[PDB]
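Given next, in structure tokens, is a single chain: the form deposited in one PDB entry.
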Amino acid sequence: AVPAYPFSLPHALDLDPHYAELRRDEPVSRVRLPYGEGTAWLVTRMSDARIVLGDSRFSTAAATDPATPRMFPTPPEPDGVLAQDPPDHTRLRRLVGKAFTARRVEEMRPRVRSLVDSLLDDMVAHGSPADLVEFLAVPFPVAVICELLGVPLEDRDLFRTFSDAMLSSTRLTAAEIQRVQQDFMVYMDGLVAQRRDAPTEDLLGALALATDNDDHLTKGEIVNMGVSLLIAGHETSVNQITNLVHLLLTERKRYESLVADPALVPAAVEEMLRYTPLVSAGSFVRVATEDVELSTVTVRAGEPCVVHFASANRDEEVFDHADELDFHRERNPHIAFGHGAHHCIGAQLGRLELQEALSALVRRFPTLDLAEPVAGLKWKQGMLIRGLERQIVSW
């Protein structure tokens, strides 16, 4: 009876035109998600998005029930941050949030700028043409989160594999993913356990203290924070570097406009954050705990809702010429980093990383162009997020 969401297999970074139709004439529409049972409201507009994400009457904890609609094979892990409601959620985030403040993240620009340069030095050693993914997109975020978290850099292939499986949408089965979660939890649990009598000066260390020094928080929750930070810490930024670079080079003018004014980069990062559907479709589901008014509908208590971040970021009531990509927007109140209690904790880290990668490239490689055809570009399929597996560039 009700439409299947996602509405189509994704292509590149392009939005299904049905989102625009929905925004205009049915901003809160009912849908059938690929897993779980029953039905959920899809929220396509910014005003409503902020209510689902921002309001205390929406619970993510309530979506841990296997019967709830969701975008992924496995029932959500109860111990994950996305599934915690405040105040427990607040305490959990407090454990680690100090290190992610705008101010602390800013402290890293120097380590991060060196790291980027070093990895771009190794790209020039190789010489054009080269795979931007191989040389920059993967190794840069991976190094940063490894050094931040205190995760062995030699284990990249291990945690990348794990992380890719947990961000599966259509690709893997419930059992394959459920398998990987236990391995990953055991891996992380072993990693924090190494600090029982070898305390470290890193997040995993702080995480280890919390497991032997906390009454409010379970060990499952504390350990799962480590896996959430490690998955997110690289999966987002790695794909997001390729996404911005794709958007820049497909219409060379954009890349050209940044070479002209490298101070634009930060605003262009914020723009491309708004434009890009990093989350391919949907979001972690929020279940209403009381009736809640949206634009066109009152969501009833127990009814699930899901948000498409990218569609809210194409809302014509809040962005002028929203279907157009523009680095000179005066205001840009996007929700590329979500909104409310679960606003991404690495928003400042992601920004730092994207700024520094894009700056360095725009300074150093003015003659950067896509050295493979747009048609054969290998976008990743059946994962909850989008990005390229390779990006061969010439200079």
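Only residues modelled in both forms are compared. Under this definition, the rigid core comprises the largest set of C-alpha atoms superposing within 1.5 Å between the forms. Quick note: we count residues from 1 along the sequence shown, nothing fancier.
The discussion below concerns the form deposited in another entry, not included here.
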{"item": "Listed options 158, 325, 318, 267; Cα moving by 2 angstroms or more between the shown form and the other one (core superposition)", "value": "158"}
{"item": "Did residue 188 shift 2 Å or more between the shown form and the other one, C-alpha, core superposed", "value": "yes"}
{"item": "Core-superposed comparison between the shown form and the other one, residue 112 Cα displacement 2 Å or beyond", "value": "no"}
{"item": "After fitting the core, residue 212 CA displacement of 2 Å or more between the shown form and the other one", "value": "yes"}
{"item": "In that other deposited form, shift in Cα separation for residue 77 relative to residue 214, 3 Å or more", "value": "farther"}
{"item": "Distance trend in that other deposited form - C-alpha atoms of residue 161 and residue 279, change of 3 Å or more", "value": "farther"}
{"item": "Structural rearrangement between the shown form and the other one, runs of 3 or more with C-alpha shift of 2 angstroms or more, core superposed", "value": "91 to 100, 146 to 228"}
